[PDB]
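[1] Starting from these lines, generate the structure:
(3 chains, ligands or ions: 9)
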Amino acid sequence: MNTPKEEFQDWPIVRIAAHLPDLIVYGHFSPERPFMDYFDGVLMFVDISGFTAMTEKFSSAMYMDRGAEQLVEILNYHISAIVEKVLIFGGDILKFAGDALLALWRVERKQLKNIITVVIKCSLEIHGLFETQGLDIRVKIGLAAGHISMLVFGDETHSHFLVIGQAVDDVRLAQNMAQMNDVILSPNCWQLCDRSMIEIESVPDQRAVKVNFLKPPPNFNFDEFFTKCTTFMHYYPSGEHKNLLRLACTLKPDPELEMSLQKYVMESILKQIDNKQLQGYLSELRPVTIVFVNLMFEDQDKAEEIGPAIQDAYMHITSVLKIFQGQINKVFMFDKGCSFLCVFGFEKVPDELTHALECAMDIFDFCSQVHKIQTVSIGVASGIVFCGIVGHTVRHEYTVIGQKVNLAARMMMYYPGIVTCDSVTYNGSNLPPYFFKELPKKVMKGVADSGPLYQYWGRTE
Amino acid sequence: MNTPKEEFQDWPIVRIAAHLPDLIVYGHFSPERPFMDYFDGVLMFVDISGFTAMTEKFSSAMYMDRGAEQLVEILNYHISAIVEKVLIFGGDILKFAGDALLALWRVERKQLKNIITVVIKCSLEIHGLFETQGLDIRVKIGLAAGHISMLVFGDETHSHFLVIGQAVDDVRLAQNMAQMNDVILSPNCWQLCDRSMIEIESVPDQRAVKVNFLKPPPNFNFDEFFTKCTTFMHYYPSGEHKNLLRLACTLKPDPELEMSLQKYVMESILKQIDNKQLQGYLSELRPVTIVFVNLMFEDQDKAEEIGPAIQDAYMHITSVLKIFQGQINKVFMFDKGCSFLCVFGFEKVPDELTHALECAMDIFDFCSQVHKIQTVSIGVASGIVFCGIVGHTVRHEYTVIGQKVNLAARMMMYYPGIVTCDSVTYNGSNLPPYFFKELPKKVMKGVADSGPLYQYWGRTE
Amino acid sequence: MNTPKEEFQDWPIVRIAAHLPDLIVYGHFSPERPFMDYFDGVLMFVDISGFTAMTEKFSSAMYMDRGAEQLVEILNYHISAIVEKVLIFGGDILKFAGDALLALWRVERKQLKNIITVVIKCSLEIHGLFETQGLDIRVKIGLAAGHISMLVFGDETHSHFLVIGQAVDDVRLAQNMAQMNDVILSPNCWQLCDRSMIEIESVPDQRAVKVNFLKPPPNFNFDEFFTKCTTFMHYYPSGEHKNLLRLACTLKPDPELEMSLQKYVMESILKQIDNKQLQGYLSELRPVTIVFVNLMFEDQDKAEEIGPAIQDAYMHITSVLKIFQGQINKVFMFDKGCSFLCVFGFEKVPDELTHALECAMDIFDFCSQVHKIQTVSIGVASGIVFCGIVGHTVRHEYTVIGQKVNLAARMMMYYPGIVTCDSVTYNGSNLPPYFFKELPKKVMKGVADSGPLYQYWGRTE
Ligand SMILES: Nc1ncnc2c1ncn2[C@@H]1O[C@H](COP(=O)(O)CP(=O)(O)OP(=O)(O)O)[C@@H](O)[C@H]1O
Ligand SMILES: Nc1ncnc2c1ncn2[C@@H]1O[C@H](COP(=O)(O)CP(=O)(O)OP(=O)(O)O)[C@@H](O)[C@H]1O
Ligand SMILES: Nc1ncnc2c1ncn2[C@@H]1O[C@H](COP(=O)(O)CP(=O)(O)OP(=O)(O)O)[C@@H](O)[C@H]1O
Ligand SMILES: [Ca+2]
Ligand SMILES: [Ca+2]
Ligand SMILES: [Ca+2]
Ligand SMILES: [Cl-]
Ligand SMILES: [Cl-]
Ligand SMILES: [Cl-]
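    Numbers count the residues shown, from 1 in each chain, chains lettered A, B, ... in the order given. Ligands and ions are numbered 1, 2, ... in the order given. Take a look:
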């Protein structure tokens, strides 16, 4: 008989699986909402700098109305290489935060010390890519190890996951401390790490530490040491499938599973995956209204406490967003609180600025009175941001990039406890100035020019 | 010099060839209509059960308006494996009858006895796939060997082929006798088969027999025995091309040939093949009106007798269908008669129920008075049926699946000599009840609930 | 660690690079317009005959409205084989002139003699393809070696390149002399070629010569001799990439470069490359209005003289074309002059014939008064011509084919110094006959039936 070659079949379930991590794909858990699960592991948070400035530049006339297609191409080219090195070293890319991403190495408690050596060596090879030579892009890496807690929340047709814990805080703080082209270990990490191998220098006014270089023992063989660590890695491609990047590529049609997975991904993306829409139309530089919500609590690391609150918060957010036409792009822990990245005009309608401000007030009013929510903080920005699918062929997500996305993210941090909006949203909308308040100009990190920032006061006095 | 790798070129003629068997692709014959050709061979009729119930289930709310895409995926996943095993064992998939399919091993008279061993071993490996574990699907296989007669009919822009003979009757009867997960040999088969190898048990009130297992001679080598049989197989991939499933994959641009082949395939499919339409839009769960015609004769096996009649019948069918907006999905011998599967709203228009009943009457009136047509039987059903491309990448066809397709197929059998319509067609249309007659409720095989079935009586009394 | 296979990534810059030669892709030069660059090399001009007759045939009823898709398929099938043999022998396909194409082997002065042996052996293998057996197609090859001069001209959003020199004239004249299935060397070639190897017969009333066959020295090894010549070839795939046809396939995202390259390609093609348009819709048999401009000079080979003139000519052409809706398909040296192939209704509008004639007059009036332009000659033809992407997957261009394209090309040659239009353009438009003049019927090469040809006289007397 003939033994014909079996072509890699590109099933919808395999296409959908590219938008999610192995954490979710092979994570079988109760459909009850919320849901929590606890485990240990190492977290890597890679952040690329200079792309929002590049995104701003690509809207200019010189790219001849191909700025969105020029941006995805160069953006994905560099991120694909990063994603490969994460996947090849046994990592799981959890989430794509615009030009930044969050990776995870999930392991049992005792095997952290060994994994951090793998994650550190991985992070150095990632940094090694962009020391060579896409002329002004830098990269920041923060590493943290310890207890992590997944939270899965949502309704019957949608689902959203996010990670919680001291490690999730540590990794972000570590990355904020990071200078241009540096690797920062949290205080719990480095303590967990094998201290004989890793050389470091102390950060000023900080208990975290910077990695200079690995100084491995004499007869050390990283190829052998890696193979030991792969024993504890669950879904690392092996045997016949060792040539693959992800085990998710080998998935087979399973209606039950696909129904579960499709809830996490947007309808626009599913239409494209189902071949009922062209691939290029999701990549675009369009005028949107960013609405960056941020919910803070008394104890941010307590999964059983904040889990129910975020579920209650989501159910209201998604409902009021649906009335005005908004959509939740991403949900993730952003500096001591869960943050919903909402977008209007993704759903293009006039009076979008008038809707966005009213919904921010609507969300603020409900979220303030939900139990255990200590502080609600919302930021609103409007302008030309990039929208599109960012990542590798086997691991990518739909995300938004731009200076207005940065702006809205800072506004909720720098102006907490209140709803805030930029100059474009203020003037574009036309409620009287009694509806707003002019705020003092604060100098903000990671943003060029705020202009006059305002606080949406409300309809009544 | 450099010797670069030659990428498999996906020409339109190769794409079109996937919708047809090798019987038609490499069958060069006169363009006169009708056309008959006579030969010997073994027929396998594989039928999957439980998918119309699954199709009904996939229209529910839990699949979140991705039931059509969920269905094709799981359906094709299982059928692809079946198609592979047919193609790898040297078979030719003639036709896809919804979730069922018809295969053919064409050989000279004396080599039947050897081929049936190959077809039986093939059928056992096909049954072997679904004994393991898509939780409630069963499969039925019927096998028949003997004289077969092809009939090619149609007009100048369209063509339709179908097989005729005692073997074509035997194989269907064999499959109807088959219990869940069984292999049934016709009485002519088993007599043709090597009786020393095959063990069987007798079917009650039947001259056909069930296959239990192969009991091959002591020093038998199926790999060697297969290679002998491949000598008599014309188009079995070999040499440089042995890695391919079909020889049709190696086809090269030939306007003459492509003009001949494109007539067999629908315009909707050609538009998709020509890349003037997205792939996903043909896969859909849509409300249609099935019109299942069935023409019976005095001698069903006589190709020279019924061939001209079916040609005359087609020419009227296609003309009156074009007036109302119908389309012939499939034509094939279904239990002692040639049966046209027609579909309305494939061509979406209001008053589609009013058109379907009038055309059934129109077809009935003409077909009754065409010479040699003993009995005309038409069944009409309306509801949500699945439409889409079913099969393997190299061998697939556009077909329809659903409980309403089953219903219309039974109605013409159980209520012969008259036009019949279901409750949905009766009430949806609004001719007075004088135009219809209420029929007695018969218990029908392969259908859940008929409801009140009616007979379309006519305009006049 | 795992070392996964790296799938050929199909970046937009790689897709765009297929529409251009290595001359342009790896040619880094000043953005000033015009730009000239001088070098030596061998030119091959392959021309296929009988396809415009085939194109005319494919518009008939027998192809069932798939003539455009049938034509591209068979056309590209034969041209792909030609393109491969050019690329494999180290050539660079400069331009696709409908069913004809222009190749280039760029080398230093002293290595011509060796390259011509490679080009001749290449041309014989190209001719060898179509001596076997797409029933009435012939091929003509002309070869010329010597000094070549590139000219790059255009505006800020578009660019156009073309080659100038005695070699560029020689190669066209050589091809015009060529009988059906012949290889013609120019007088400078053959003198450059190794005369011991190549056997020839003299052409009547001509200093050019026909190639009969190569008669290589005793212990000659073409595989070894080729490898010597590849030392002087810049971009010939080698090492890890020797399995590729073009080095351009290995291109990596470079915004600067991609901005430069995208100007050469049409917006319609970029939309398709960006996946915002289906591939099939550019392939079509549509009614157009061809406007074939031809600018002649005192010294056609002088790059510094005619370069500025063509730049000045282009800037007016593109502007007046944009008013009426025209588009420049191709620009190239056609028999002693630079020729712009313009097309209307590519931009479908009524009164397209009324626009085309006025623009021809507009272009004629300006171009006549531009310095150094000795003779302006314009031809206008209207009818069903083929439009689509012609070539290989790695090297293809958007071009137009048809008898009306031939007609407009002859009209400007046979009726120089004036604007001319065919019978279809005359009668379809409705300016009074005072606006036109009836011309005498000249017998023209490469066209079937002119009908009454007219001269667009003008609005005033
Ligand atoms: N798509 C997205 N997902 C998550 N966070 C985002 C985001 N877009 C912007 N932000 C937020 O905006 C803030 C900006 O971070 P910074 O590090 O100061 C900018 P950068 O990374 O140095 O260069 P960039 O502006 O090119 O991104 C971060 O706190 C980040 O969380
Ligand atoms: N697309 C199609 N092509 C040909 N015949 C069809 C068809 N859809 C339904 N039928 C007819 O409907 C009848 C139903 O056959 P059965 O075997 O009783 C149903 P089954 O195969 O057991 O499970 P199913 O209902 O999931 O198909 C058959 O006689 C068949 O010919
Ligand atoms: N797309 C295109 N690009 C460049 N020139 C074209 C063209 N279409 C037609 N022509 C011109 O039309 C003329 C016709 O050339 P001929 O050689 O006489 C026709 P042929 O090649 O023998 O068969 P054909 O008519 O199938 O092409 C040439 O001078 C050519 O330059
Ligand atoms: Ca960032
Ligand atoms: Ca069935
Ligand atoms: Ca030609
Ligand atoms: Cl998260
Ligand atoms: Cl049939
Ligand atoms: Cl040119």
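[2] Now do stretch A:438-455: distance from first to last residue.
    7 Å (C-alpha to C-alpha, to the nearest Å).
[3] quick one: is it near ligand 1?
    Yes - Stretch A:438-455 comes into contact with ligand 1 (C-beta under 6 Å from any ligand atom), by way of A:445-446. Quick note: C-beta positions are derived from backbone N, CA and C, even for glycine.
[4] is the biggest strand by length in chain A up against chain C anywhere?
    Ranked by residue count under DSSP state E, the longest strand found in chain A is strand A:373-391. No - counting by C-beta under 8 Å from any C-beta of the partner chain, chain C is not contacted by strand A:373-391; separation bottoms out at 11.5 Å.
[5] Adjacent strands (with direction) for the helix or strand that that strand is followed by?
    Under the assignment DSSP states H and E, the closest C-terminal helix or strand after strand A:373-391 is strand A:396-401. Counting by DSSP bridges, the strands paired with strand A:396-401 are strand A:373-391 (antiparallel).
[6] Can you list the buried residues in the partner strand?
    A:373, A:375-391 (16 or more other C-beta atoms under 10 Å in any protein chain shown).
[7] what's the distance between the residue in chain A positioned nearest to ligand 6 and residue C:276?
    Relative to ligand 6, the nearest point of chain A is residue A:64 (32.9 Å; C-beta to the ion). Applying C-beta to C-beta, to the nearest Å, the value for residue A:64 to residue C:276 is 14 Å.
[8] now swap in residue A:158 and tell me
    Taken as C-beta to C-beta, the span from residue A:158 to residue C:276 is 28 Å.
[9] Is the longest strand of chain A positioned near ligand 1?
    No - Strand A:373-391 stays clear of ligand 1 (C-beta under 6 Å from any ligand atom), getting no nearer than 8.7 Å.
[10] Show me which residues of chain A sit near chain B.
    Residues of chain A lying near chain B by C-beta under 8 Å from any C-beta: A:1-5, A:7, A:11-13, A:157, A:252-253, A:255, A:258-259, A:262-263, A:270, A:274-278.
[11] Sort out for me which of those residues are in helices.
    Judged by DSSP state H, the subset of the residues of chain A next to chain B located in helices is A:12-13, A:255, A:258-259, A:262, A:270.
[12] and which of these is nearest to ligand 7?
    Among these, and counting by C-beta to the ion, the member closest to ligand 7 is residue A:262, at 19.7 Å.
[13] Contacts only, for that closest one.
    A:16, A:270, B:64, B:66 (C-beta atoms under 8 Å, 6 or more residues apart in numbering or on different chains).
[14] which among the residues of chain A next to chain B end up buried?
    Buried, going by 16+ other C-beta under 10 Å: A:2, A:4, A:11-13, A:253, A:255, A:258, A:262-263, A:270, A:274-275, A:277, out of those.
[15] Name the residues of stretch A:229-236 that come out as buried.
    Neighbour counts using 16+ other C-beta under 10 Å place A:229, A:232-233, A:236 of stretch A:229-236 among the buried residues.
[16] Throw these into TSV and include distance to residue B:198 and secondary structure, thanks.
    Output for these, formatted as TSV (distance: C-beta to C-beta, whole Å; DSSP: H, G, I helix; E, B strand; the rest coil):
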residue	distance to residue B:198	secondary structure
A:229	54	helix
A:232	52	coil
A:233	50	coil
A:236	47	coil
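[17] Closest to residue C:292 out of the residues you listed?
    Among these, residue A:236 lies closest to residue C:292 (C-beta to C-beta), at 63.2 Å.
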